[PDB]
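Source file data35.pdb; content: PDB, C-alpha atoms (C1' of nucleotides).
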ATOM      1  CA  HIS C 271      25.005 -36.063 100.817  1.00  0.00           C
ATOM      2  CA  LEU C 272      22.636 -35.181  98.015  1.00  0.00           C
ATOM      3  CA  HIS C 273      23.671 -31.543  98.209  1.00  0.00           C
ATOM      4  CA  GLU C 274      27.207 -32.662  97.366  1.00  0.00           C
ATOM      5  CA  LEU C 275      25.739 -33.864  94.060  1.00  0.00           C
ATOM      6  CA  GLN C 276      24.463 -30.380  93.214  1.00  0.00           C
ATOM      7  CA  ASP C 277      27.501 -28.712  94.738  1.00  0.00           C
ATOM      8  CA  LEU C 278      29.923 -30.879  92.787  1.00  0.00           C
ATOM      9  CA  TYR C 279      28.639 -29.336  89.550  1.00  0.00           C
ATOM     10  CA  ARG C 280      28.332 -25.969  91.325  1.00  0.00           C
ATOM     11  CA  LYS C 281      31.774 -25.939  92.981  1.00  0.00           C
ATOM     12  CA  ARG C 282      33.221 -27.610  89.884  1.00  0.00           C
ATOM     13  CA  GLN C 283      31.811 -24.849  87.689  1.00  0.00           C
ATOM     14  CA  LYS C 284      33.637 -22.541  90.097  1.00  0.00           C
ATOM     15  CA  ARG C 285      36.712 -24.802  90.026  1.00  0.00           C
ATOM     16  CA  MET C 286      36.887 -24.986  86.246  1.00  0.00           C
ATOM     17  CA  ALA C 287      36.419 -21.226  85.979  1.00  0.00           C
ATOM     18  CA  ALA C 288      39.168 -21.014  88.623  1.00  0.00           C
ATOM     19  CA  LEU C 289      41.469 -23.366  86.697  1.00  0.00           C
ATOM     20  CA  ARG C 290      40.798 -21.529  83.424  1.00  0.00           C
ATOM     21  CA  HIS C 291      41.802 -18.082  84.623  1.00  0.00           C
ATOM     22  CA  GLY C 292      44.522 -19.390  86.967  1.00  0.00           C
ATOM     23  CA  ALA C 293      46.018 -21.586  84.247  1.00  0.00           C
ATOM     24  CA  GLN C 294      45.697 -18.662  81.844  1.00  0.00           C
ATOM     25  CA  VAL C 295      47.510 -16.194  84.121  1.00  0.00           C
ATOM     26  CA  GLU C 296      50.313 -18.670  84.700  1.00  0.00           C
ATOM     27  CA  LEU C 297      50.369 -19.456  80.966  1.00  0.00           C
ATOM     28  CA  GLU C 298      50.728 -15.731  80.324  1.00  0.00           C
ATOM     29  CA  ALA C 299      53.450 -15.635  82.993  1.00  0.00           C
ATOM     30  CA  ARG C 300      55.681 -18.473  81.786  1.00  0.00           C
ATOM     31  CA  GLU C 301      55.881 -16.875  78.330  1.00  0.00           C
ATOM     32  CA  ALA C 302      57.359 -13.773  79.976  1.00  0.00           C
ATOM     33  CA  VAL C 303      60.063 -15.982  81.513  1.00  0.00           C
ATOM     34  CA  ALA C 304      60.279 -18.108  78.351  1.00  0.00           C
ATOM     35  CA  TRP C 305      62.984 -16.315  76.369  1.00  0.00           C
ATOM     36  CA  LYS C 306      65.002 -15.256  79.417  1.00  0.00           C
ATOM     37  CA  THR C 307      65.809 -18.788  80.661  1.00  0.00           C
ATOM     38  CA  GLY C 308      64.888 -20.945  77.648  1.00  0.00           C
ATOM     39  CA  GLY C 309      61.564 -21.622  79.300  1.00  0.00           C
ATOM     40  CA  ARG C 310      59.603 -22.786  76.244  1.00  0.00           C
ATOM     41  CA  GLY C 311      60.653 -26.419  76.692  1.00  0.00           C
ATOM     42  CA  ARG C 312      58.966 -26.939  80.041  1.00  0.00           C
ATOM     43  CA  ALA C 313      56.495 -24.131  79.327  1.00  0.00           C
ATOM     44  CA  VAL C 314      54.752 -26.131  76.601  1.00  0.00           C
ATOM     45  CA  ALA C 315      54.036 -28.782  79.242  1.00  0.00           C
ATOM     46  CA  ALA C 316      51.825 -26.217  80.971  1.00  0.00           C
ATOM     47  CA  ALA C 317      50.649 -24.640  77.695  1.00  0.00           C
ATOM     48  CA  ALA C 318      49.261 -27.983  76.612  1.00  0.00           C
ATOM     49  CA  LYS C 319      48.229 -29.719  79.821  1.00  0.00           C
ATOM     50  CA  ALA C 320      46.858 -26.924  82.028  1.00  0.00           C
ATOM     51  CA  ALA C 321      44.542 -25.903  79.219  1.00  0.00           C
ATOM     52  CA  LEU C 322      43.797 -29.558  78.438  1.00  0.00           C
ATOM     53  CA  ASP C 323      42.797 -30.410  82.011  1.00  0.00           C
ATOM     54  CA  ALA C 324      39.429 -32.166  82.441  1.00  0.00           C
ATOM     55  CA  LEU C 325      37.543 -29.955  80.005  1.00  0.00           C
ATOM     56  CA  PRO C 326      39.449 -27.322  77.978  1.00  0.00           C
ATOM     57  CA  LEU C 327      36.514 -25.685  76.202  1.00  0.00           C
ATOM     58  CA  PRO C 328      33.846 -24.311  78.570  1.00  0.00           C
ATOM     59  CA  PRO C 329      30.210 -25.203  79.144  1.00  0.00           C
ATOM     60  CA  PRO C 330      28.547 -22.327  77.291  1.00  0.00           C
ATOM     61  CA  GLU C 331      26.381 -19.763  79.039  1.00  0.00           C
ATOM     62  CA  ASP C 332      23.946 -19.985  76.129  1.00  0.00           C
ATOM     63  CA  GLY C 333      24.284 -23.741  76.093  1.00  0.00           C
ATOM     64  CA  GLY C 334      25.989 -23.275  72.742  1.00  0.00           C
ATOM     65  CA  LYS C 335      22.666 -23.582  70.927  1.00  0.00           C
ATOM     66  CA  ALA C 336      23.946 -21.261  68.195  1.00  0.00           C
ATOM     67  CA  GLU C 337      26.985 -23.539  67.918  1.00  0.00           C
ATOM     68  CA  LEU C 338      24.518 -26.425  67.630  1.00  0.00           C
ATOM     69  CA  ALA C 339      22.850 -24.490  64.794  1.00  0.00           C
ATOM     70  CA  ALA C 340      26.291 -24.201  63.212  1.00  0.00           C
ATOM     71  CA  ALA C 341      26.690 -27.936  63.848  1.00  0.00           C
ATOM     72  CA  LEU C 342      23.256 -29.069  62.628  1.00  0.00           C
ATOM     73  CA  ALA C 343      23.626 -26.846  59.543  1.00  0.00           C
ATOM     74  CA  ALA C 344      22.709 -28.897  56.493  1.00  0.00           C
TER
ATOM     75  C1'   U W   1     199.631 -71.254 128.015  1.00  0.00           C
ATOM     76  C1'   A W   2     202.694 -71.556 132.232  1.00  0.00           C
ATOM     77  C1'   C W   3     206.934 -70.210 136.428  1.00  0.00           C
ATOM     78  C1'   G W   4     209.947 -67.306 138.775  1.00  0.00           C
ATOM     79  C1'   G W   5     214.297 -63.098 138.840  1.00  0.00           C
ATOM     80  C1'   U W   6     214.321 -58.191 139.673  1.00  0.00           C
ATOM     81  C1'   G W   7     210.411 -53.746 140.252  1.00  0.00           C
ATOM     82  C1'   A W   8     208.800 -48.358 141.267  1.00  0.00           C
ATOM     83  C1'   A W   9     205.744 -44.620 139.574  1.00  0.00           C
ATOM     84  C1'   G W  10     201.741 -43.240 141.352  1.00  0.00           C
ATOM     85  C1'   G W  11     194.739 -41.473 144.186  1.00  0.00           C
ATOM     86  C1'   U W  12     189.329 -37.967 144.930  1.00  0.00           C
ATOM     87  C1'   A W  13     186.377 -31.559 142.913  1.00  0.00           C
ATOM     88  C1'   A W  14     180.019 -34.484 138.931  1.00  0.00           C
ATOM     89  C1'   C W  15     185.331 -35.513 137.081  1.00  0.00           C
ATOM     90  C1'   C W  16     181.861 -38.092 131.733  1.00  0.00           C
ATOM     91  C1'   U W  17     180.626 -42.945 132.387  1.00  0.00           C
ATOM     92  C1'   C W  18     178.281 -47.894 133.946  1.00  0.00           C
ATOM     93  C1'   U W  19     174.605 -48.901 137.144  1.00  0.00           C
ATOM     94  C1'   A W  20     172.183 -49.360 141.642  1.00  0.00           C
ATOM     95  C1'   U W  21     169.406 -46.926 145.656  1.00  0.00           C
ATOM     96  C1'   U W  22     165.597 -43.671 145.192  1.00  0.00           C
ATOM     97  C1'   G W  23     161.323 -40.449 144.727  1.00  0.00           C
ATOM     98  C1'   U W  24     159.637 -36.748 142.296  1.00  0.00           C
ATOM     99  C1'   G W  25     156.357 -36.301 136.079  1.00  0.00           C
ATOM    100  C1'   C W  26     154.296 -38.888 130.861  1.00  0.00           C
ATOM    101  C1'   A W  27     148.902 -39.206 126.828  1.00  0.00           C
ATOM    102  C1'   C W  28     155.193 -44.317 126.473  1.00  0.00           C
ATOM    103  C1'   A W  29     154.491 -50.500 126.715  1.00  0.00           C
ATOM    104  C1'   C W  30     155.916 -52.444 119.563  1.00  0.00           C
ATOM    105  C1'   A W  31     158.240 -49.323 126.629  1.00  0.00           C
ATOM    106  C1'   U W  32     160.274 -41.401 123.712  1.00  0.00           C
ATOM    107  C1'   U W  33     162.835 -44.260 116.705  1.00  0.00           C
ATOM    108  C1'   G W  34     156.739 -43.890 121.206  1.00  0.00           C
ATOM    109  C1'   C W  35     151.459 -41.228 121.830  1.00  0.00           C
ATOM    110  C1'   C W  36     150.860 -37.875 118.303  1.00  0.00           C
ATOM    111  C1'   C W  37     150.197 -32.284 115.710  1.00  0.00           C
ATOM    112  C1'   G W  38     148.425 -29.182 111.644  1.00  0.00           C
ATOM    113  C1'   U W  39     148.738 -25.672 106.445  1.00  0.00           C
ATOM    114  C1'   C W  40     147.944 -28.206 102.538  1.00  0.00           C
ATOM    115  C1'   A W  41     147.752 -32.790  97.965  1.00  0.00           C
ATOM    116  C1'   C W  42     144.495 -36.517  94.268  1.00  0.00           C
ATOM    117  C1'   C W  43     139.806 -38.478  95.419  1.00  0.00           C
ATOM    118  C1'   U W  44     135.389 -40.135  98.016  1.00  0.00           C
ATOM    119  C1'   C W  45     131.016 -39.069 101.535  1.00  0.00           C
ATOM    120  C1'   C W  46     125.980 -36.476 104.535  1.00  0.00           C
ATOM    121  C1'   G W  47     126.322 -31.491 105.762  1.00  0.00           C
ATOM    122  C1'   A W  48     125.640 -25.848 106.051  1.00  0.00           C
ATOM    123  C1'   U W  49     124.150 -22.377 102.643  1.00  0.00           C
ATOM    124  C1'   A W  50     121.982 -20.044  98.494  1.00  0.00           C
ATOM    125  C1'   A W  51     120.834 -15.962  93.473  1.00  0.00           C
ATOM    126  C1'   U W  52     116.906 -18.218  91.373  1.00  0.00           C
ATOM    127  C1'   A W  53     113.123 -21.805  87.330  1.00  0.00           C
ATOM    128  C1'   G W  54     109.347 -22.136  90.141  1.00  0.00           C
ATOM    129  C1'   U W  55     105.219 -24.866  91.223  1.00  0.00           C
ATOM    130  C1'   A W  56     101.354 -26.230  96.698  1.00  0.00           C
ATOM    131  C1'   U W  57      98.448 -23.282 100.614  1.00  0.00           C
ATOM    132  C1'   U W  58      96.243 -18.666 102.850  1.00  0.00           C
ATOM    133  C1'   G W  59      95.175 -12.907 104.230  1.00  0.00           C
ATOM    134  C1'   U W  60      94.051  -8.466 101.799  1.00  0.00           C
ATOM    135  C1'   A W  61      92.864  -4.275  97.329  1.00  0.00           C
ATOM    136  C1'   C W  62      88.680  -4.416  93.941  1.00  0.00           C
ATOM    137  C1'   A W  63      85.704  -6.796  89.367  1.00  0.00           C
ATOM    138  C1'   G W  64      83.144 -10.397  90.434  1.00  0.00           C
ATOM    139  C1'   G W  65      80.306 -13.792  92.610  1.00  0.00           C
ATOM    140  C1'   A W  66      77.554 -19.551  89.571  1.00  0.00           C
ATOM    141  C1'   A W  67      74.347 -22.984  91.663  1.00  0.00           C
ATOM    142  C1'   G W  68      72.339 -20.990  95.980  1.00  0.00           C
ATOM    143  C1'   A W  69      70.482 -17.042  98.514  1.00  0.00           C
ATOM    144  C1'   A W  70      69.250 -14.049 105.308  1.00  0.00           C
ATOM    145  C1'   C W  71      65.935 -10.360 104.085  1.00  0.00           C
ATOM    146  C1'   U W  72      61.979  -8.215 101.034  1.00  0.00           C
ATOM    147  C1'   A W  73      57.346  -9.532  98.710  1.00  0.00           C
ATOM    148  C1'   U W  74      50.425  -9.371  99.190  1.00  0.00           C
ATOM    149  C1'   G W  75      51.618  -9.936  91.277  1.00  0.00           C
ATOM    150  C1'   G W  76      49.338 -14.254  92.520  1.00  0.00           C
ATOM    151  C1'   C W  77      46.547 -19.559  92.662  1.00  0.00           C
ATOM    152  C1'   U W  78      43.518 -22.374  95.576  1.00  0.00           C
ATOM    153  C1'   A W  79      40.532 -25.126  98.906  1.00  0.00           C
ATOM    154  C1'   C W  80      39.468 -25.428 105.219  1.00  0.00           C
ATOM    155  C1'   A W  81      35.352 -22.812 107.180  1.00  0.00           C
ATOM    156  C1'   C W  82      31.624 -18.972 107.128  1.00  0.00           C
ATOM    157  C1'   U W  83      28.502 -16.120 103.978  1.00  0.00           C
TER
END

As a first step, turn the structure in this file into structure tokens.
Amino acid sequence: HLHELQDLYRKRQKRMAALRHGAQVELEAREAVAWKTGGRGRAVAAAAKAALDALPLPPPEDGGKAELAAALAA
RNA sequence: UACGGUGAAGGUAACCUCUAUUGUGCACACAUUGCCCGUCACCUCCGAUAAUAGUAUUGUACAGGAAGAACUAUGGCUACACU
């Protein structure tokens, strides 16, 4: 109800961590069967899209405040 | 052609015939010159058969054996729900 609002960010933090390492272990698996069956052509579909699902770069544990300091650098 | 005068010889075993009578046989009636035979001869026509040139299909010896793949997998990836 209102706990689904907190748990959507909570479970979705879990789900994006889940999709990052799951997409990464399949992305490191299709490259092993890339050269054997010509698998680069459909492999780059995964190697683009499964990284580029809803957010590719993560929400930083710091908050990325050092990256902000790199970004607000004069 | 016709009419008389004299005027004899001579006769029965299929002994052929020309039949009949017949009642035993034909595939003959153009009624025995028939019906109709075959080796072959020139040719024509479907066979039957076959060394083989082989192509069409399957069993079996193994290589295989693709796409698939009974089985085997916990390398995974995730929520259901409960912490």

Residues of chain C within 10 Å of chain W, only C-alpha atoms (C1' of nucleotides) counted, as an mmCIF file with C-alpha atoms, in the coordinates of the input:
data_model
loop_
_atom_site.group_PDB
_atom_site.id
_atom_site.type_symbol
_atom_site.label_atom_id
_atom_site.label_comp_id
_atom_site.auth_asym_id
_atom_site.auth_seq_id
_atom_site.Cartn_x
_atom_site.Cartn_y
_atom_site.Cartn_z
ATOM 1 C CA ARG C 285 36.712 -24.802 90.026
ATOM 2 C CA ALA C 288 39.168 -21.014 88.623
ATOM 3 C CA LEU C 289 41.469 -23.366 86.697
ATOM 4 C CA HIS C 291 41.802 -18.082 84.623
ATOM 5 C CA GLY C 292 44.522 -19.390 86.967
ATOM 6 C CA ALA C 293 46.018 -21.586 84.247
ATOM 7 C CA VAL C 295 47.510 -16.194 84.121
ATOM 8 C CA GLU C 296 50.313 -18.670 84.700
#

What does the PyMOL selection byres ((chain C and resi 325) around 12) select in this file, as number ranges by chain? C: 282-283, 285-287, 289-290, 319-324, 326-329

Taking all atoms of segment 27-38 of chain W that appear in the file, build a box with edges along x, y and z, extend it by 5 Å on every side, and state its centre and edge lengths in Å to one decimal, as lines of an AutoDock Vina configuration file.
center_x = 155.6
center_y = -40.8
center_z = 119.2
size_x = 24.4
size_y = 33.3
size_z = 25.2

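Taking atom CA of residue 334 of chain C as the reference point, atom CA of residue 279 of chain C is found at 18.1 Å.
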
Apply the PyMOL selection byres ((chain C and resi 313) around 12) to the displayed file and report the matching residues as a VMD selection string. chain C and resid 293 296 to 305 307 to 312 314 to 320

What is the distance between atom CA of residue 294 of chain C and atom CA of residue 278 of chain C, in Å to one decimal? 22.8 Å
